[PDB]
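Shown next, in structure tokens, is the structure this report addresses.
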Amino acid sequence: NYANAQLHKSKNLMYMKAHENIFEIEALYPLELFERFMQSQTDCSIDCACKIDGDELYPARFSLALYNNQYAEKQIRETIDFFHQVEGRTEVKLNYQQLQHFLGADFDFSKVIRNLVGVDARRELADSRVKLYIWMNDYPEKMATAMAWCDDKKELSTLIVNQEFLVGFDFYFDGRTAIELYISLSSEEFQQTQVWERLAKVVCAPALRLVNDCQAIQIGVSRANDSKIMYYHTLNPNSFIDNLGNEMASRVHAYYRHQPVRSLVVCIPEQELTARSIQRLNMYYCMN
Ligand SMILES: [Mg+2]
């Protein structure tokens, strides 16, 4: 985006290092290799994130949105190469069968609109992940494949109104894998009467009522999800966090409230919104 690519990358790394420093996670593998991977890219945008699970916090979470989909194929090659570099430590072994099966032998890289690369580093090495997200547009054969592999209940097929879809690949360091399908709805889209009526047949009421507080939502479905995951692109980050009644989320946002943030996305499993209190959620702070 910005003309001074090298200035912007310096700010990216400074955003990541801050996040690692406040949460005291900098030593987790493979964050240093991820930092180097960032710097090897032409330019990208960073999202710093934290996952909340009861009393536990998993804040070693970062995503890079790689600029210029003209080079989507090369980006995936260099991402895979970075995953192999992470596999440099002997007790880290990834399983690529889901990615390989999804791409097939003649993947149309001209259909990719955005690649994203992620990490969620854990104290328990076996639980850590690297992540690849492939954002696609107007690719009906791959969309149907993703729906068959991720949309058990055939619910996202009743909700989508654009040709874009996001396919996320999880690579656990002990060889576990998961694939996830995400679709998006802007405020303009989900405020249309028929679109909203379709939402209301698939999304439980407490999760649906939250959609109104948003400039956009995404919904992620996966065999590895215990319910649909709602991604709330918050209109007012401060009030959205306050309305969660979650002490740890308020503590996290207490720092970021006064930070130059492009947007705050909060994702909550549908099942959490039918409980007495929210205890599981992710917060993504997408930096400028
Ligand atoms: Mg997921």
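All values below were derived from every heavy atom in this structure, side-chain atoms included, with hydrogens, water molecules and symmetry-related copies excluded. Residue indices begin at 1 and follow the sequence shown. In each ligand, atom 1 is the first atom listed, and ligand 1 is the first ligand listed.
- Protein N/O/S atoms nearer than 2.8 Å to the Mg ion (ligand 1) total 1.
- By the 30° and 60° cut-offs, the orientation of the rings of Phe109 relative to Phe107 is perpendicular.
- Looking at residues two or more places apart in sequence or on another chain, you find no ring pair (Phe, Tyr, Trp, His ring centres under 6.0 Å) involving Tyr58.
- Residues passing the ring pair (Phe, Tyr, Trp, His ring centres under 6.0 Å) test with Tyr71: none are found, sequence neighbours excluded.
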Identify each donor-acceptor pair in which a side-chain atom of residues 147-156 lies under 3.5 Å from a protein atom, sequence neighbours left out, and give them as a table.
| residue | atom | partner | partner atom | Å |
| --- | --- | --- | --- | --- |
| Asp151 | OD1 | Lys154 | N | 3.2 |
| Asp151 | OD1 | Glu155 | N | 3.2 |
| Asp151 | OD2 | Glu155 | N | 3.1 |
| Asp151 | OD2 | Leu156 | N | 2.8 |
| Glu155 | OE1 | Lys228 | NZ | 3.2 |

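- Proximity of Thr234 to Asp213: side-chain heavy atoms (C-beta onward) are nowhere separated by under 4.5 Å.
- Without hydrogens or angle criteria, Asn212 side chain to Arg209 main chain gives a donor-acceptor distance under 3.5 Å.
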